[PDB]
């Protein structure tokens, strides 16, 4: 494969990527007339559309490539060769052919330099960002609204991809990523083609930081960015344009310590690294005369040593900023309040269409200790997919809320699927189960892996809801086997939810429920390596609604033990979780008896505690 030959050269020498072609074409000093012969009577002006020059001025583009190759990896002249971008020139219908030609003219140059020079050259298929932003609204007036959709972007990128691959490119390069959701759509397009039609080529992914803040246009940090696109298994990852080498330095060394991939990096004008870069090039301002200076400098430099064990046993999530759950990370609070069924206010504000004030419920939860936000829009009086889509897009607007990862909560996979399309960072999916059999579970788990989300697996199968310690273990053990073995799902992306069910009901059947969850948590944490444990905590205490002090006390008493058994996270009321040591010793001991069913009349004695 090309990956072998690619990784081989990279392990020995730091490769070079060509400068931006736009600078050279600008120097060429075209005129509208010069695009071209073929068109002649085109109703839209083509001047400035560098992409069509592959057809209308091929020799010019070919010579641009040659200069760089002699002065190497060559980008295809395909930065705007999508349906979306070419609509501004009335060439929507021409995307595939433009990429095909752009890849041919580049491939002809590559091989001449390969013949004359002796060393092999590579063609990079450039996929660009388009002007559409899937994570940012066109205006602050309507923050729910979006111009393009995920599926619309996937279609376009898929078509561009076909052309490049057919045109015989050696690397697909998703570059100048202003918005990460676009890049995720591009990655989804590439996975579509590879799944059956094509043999996979290596993917290079380059972000674009705008300021000294270290953030993308879509507000995301480098660390958050790599997590959001790691599922694409890119051979190389980096940054390009917008910033010079000096401004763009400290972000690269952050990115490099967070990934096993090689590190691309091609800055701009208005530089030998310290083990920071694996591939080097230029963008706006870079000429072939620059690349020569870059080439002679990097000639004898020792390439970066990628860490092959970077965040090995961590669950990687991301909002705008990264959020990692390693073995020694403490209990992660996933905020419960943004749930139409489980919250009185939230439901009233969603059903009444007041989404702007509903964001305050998300904002306050994060301020009150919520590290992930659970979003649940399930109600018979709601259009699930749209409301999720709407609320997710609104959250993205508010930077305080958007920082954290999101937990997409629905009993309907189409709602799940809608939220994933609208989320820029890596989310938790909540949930799937074996309720409808193995094949259905696998199809849904196969789709989630494709979007690249973490995932909650409910302790539910064909028999129904798992309420016993053994039944809980059975389902999770079977599930773990299907995910890890049959699908190659990363076991660190698997959360299992043995079901936290109500106790204290006055029905002896429900008495062991808490214990079973804690016991099952132990065996699962020991049985199934990598997987983590979650649970909806407030379900435990439906029996004592009204008495909040008891509910909160129950939660704290429950957690203390659960956490000891191996509970990594939960869907909880983040502000209102007392510390185990500061809970009154009488109430603590009472709840301890209820959770562990040690006292036969534990129910009445708890409700007795009020007074």
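Numbering follows the first chain given and starts at 1.
- According to the entry, the stretch of the deposited sequence that connects residue 71 to residue 72 contains 1 to 3 residues lacking coordinates, which leaves a short gap in the model.
- Counting the deposited residues that fall between residue 270 and residue 271 and carry no coordinates gives a value of 10 or more.
- Annotation for 544-552 versus 566-574: the higher mean temperature factor (C-alpha) is found in 544-552.
- 226-234 and 304-312 differ in mean CA B-factor, and the higher of the two is recorded for 304-312.
- Note on the listed residues 536, 202, 118, 452: the highest Cα temperature factor in the record is that of 118.
- Among all modelled residues in its chain, residue 168 ranks in the middle third by Cα B-factor.
- Sort the modelled residues of the chain by CA B factor and residue 502 lands in the middle third.
- Residue 128 sits in the lowest third of its chain by CA B factor, as recorded in the PDB entry.
- The entry lists a Cα temperature factor for residue 423 that places it in the middle third of the chain's modelled residues.
- In the PDB entry, a CA B factor belonging to the highest third of its chain's modelled residues is recorded for residue 107.
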